[PDB]
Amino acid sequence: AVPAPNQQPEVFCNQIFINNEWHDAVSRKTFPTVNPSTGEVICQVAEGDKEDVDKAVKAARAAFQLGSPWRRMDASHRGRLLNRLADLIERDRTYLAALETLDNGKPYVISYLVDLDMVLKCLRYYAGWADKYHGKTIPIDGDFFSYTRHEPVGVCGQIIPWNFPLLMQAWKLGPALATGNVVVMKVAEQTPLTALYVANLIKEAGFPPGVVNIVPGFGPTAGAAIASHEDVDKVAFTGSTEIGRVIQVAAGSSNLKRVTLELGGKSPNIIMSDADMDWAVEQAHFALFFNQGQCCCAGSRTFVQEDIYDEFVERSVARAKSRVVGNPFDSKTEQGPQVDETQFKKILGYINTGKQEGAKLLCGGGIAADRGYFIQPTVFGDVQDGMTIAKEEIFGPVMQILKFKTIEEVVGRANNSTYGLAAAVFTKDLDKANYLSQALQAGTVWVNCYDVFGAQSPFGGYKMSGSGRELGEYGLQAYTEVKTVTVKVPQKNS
């Protein structure tokens, strides 16, 4: 039971957040953020650039100074603050969910039940890690006492995308704050609003000034300034593989700041002939169409064994044809519009390429509404590995169904990609499941399920889908700088 939404939530925050205060861009410039459902401007937002990032980094560095309130704060207390932040977010859950839908386009029911829930679970999970990421006492040779201190990496630049505005912010802040780091976050220009409101909650929660600084703005400007900053110790980025390369280059070209990347993919969803048909069809649908197809780990390569190909395709088409597209604020809406005009056009371009290359168009393929950025649920059959839609990340409601014969064959085809974010296996057989999960070159391998995320379980990509992991205990690794202290002792004993 979801509370009735305010289909027109008021915007209270639209500036640059530094030292728990709101500031206009030094240039005084602003940029519009659009409601993808109507194509209308919601409001103006401060356009942060290099100079604003500089102010943000200085504030973060000051908050990270030895002896500061944030540095002296008990680890357990950082946990207390993260829990308080989660409580505040829960209080304002109905509002944030509506605002998320307004600025992003995803169905309100999904914003409320899925996104906001995961945000709360991520923040509360990491709050528990605050005073538990122990260093080590080491039995080194000789008369010495050796141990390690798990110190904060320092000033962390965090650049996030627009597909899960609130969630991406939580996946970043959770681990960083739990370990005592300070943040300079650059939210996506397409979805800056919700993250900015949470900044107000961060101040209300009690976090010292400068611990979390948010700079809304464009990528080549604000984003690059963070990645190239001489005083940013670490950068965490989630987005396109293309910009991931730019980030890494900027890091190497500047102060050698530590880097972790969460990029895209072309994840293979493998359906074996012994899989539960009804379950696999529904899960394959969800795997691809979830969040308007705007998911990094989307099951965009649906491999189906020949014996069950026809039936699976028929059922998948029927499911795609009945998928409700419309106003994200209407409870019956399963799919809202795409984030912006650029994505809208790019997706339509991919559908055209799909038709041109010989992929069999089974349903959809065009615009779903005359207003907004709505696209019809599209399904392509008889897709070949060499096809563009079978290789490139579409990031829209466009499903690819491929046919295979043997298990050995599908492993090779699934792995024949520059991406490796995720994969899935649908089978009732124990050996097939273990054979495939071990063989698949992907960060996450789901068996008889898809898009199952847990704050306890790490997520990240193999190959060019990224480096490093987020969520779980692993999510703390990149936010820790290790110091070894080796002390001479009179006489070491076991």
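Residue numbers here begin at 1 and follow the sequence given.
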Inset, instruction - Would you mind comparing 388-396 and 173-181 for me and telling me which has the higher average C-alpha temperature factor in the entry? - result: 388-396
Inset, instruction - Please work out which of 340-348 and 142-150 has the higher mean CA B-factor as recorded in the PDB entry. - result: 340-348
Inset, instruction - Would you mind checking which of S465, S437, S27, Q456 has the top Cα temperature factor in the PDB entry? - result: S27
Legend entry - Residue with highest C-alpha B-factor in the PDB entry, from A188, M73, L201, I367: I367
Inset, instruction - Please rank the C-alpha B-factors of the chain's modelled residues and tell me whether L361 sits in the lowest, middle or highest third. - result: highest
Inset, instruction - Would you mind ranking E51 by its C-alpha B-factor against the rest of the chain and naming the third, lowest, middle or highest? - result: highest
Inset, instruction - Report the third (lowest, middle or highest) to which the CA temperature factor of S37 belongs, ranking only the modelled residues of the same chain. - result: highest
Inset, instruction - Consider only the C-alpha atoms of the modelled residues in this chain, order them by B-factor as the entry records it, and name the third containing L88: lowest, middle or highest. - result: middle
Inset, instruction - Classify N14 as lowest, middle or highest third according to the C-alpha B-factor given in the PDB entry, relative to its own chain. - result: highest
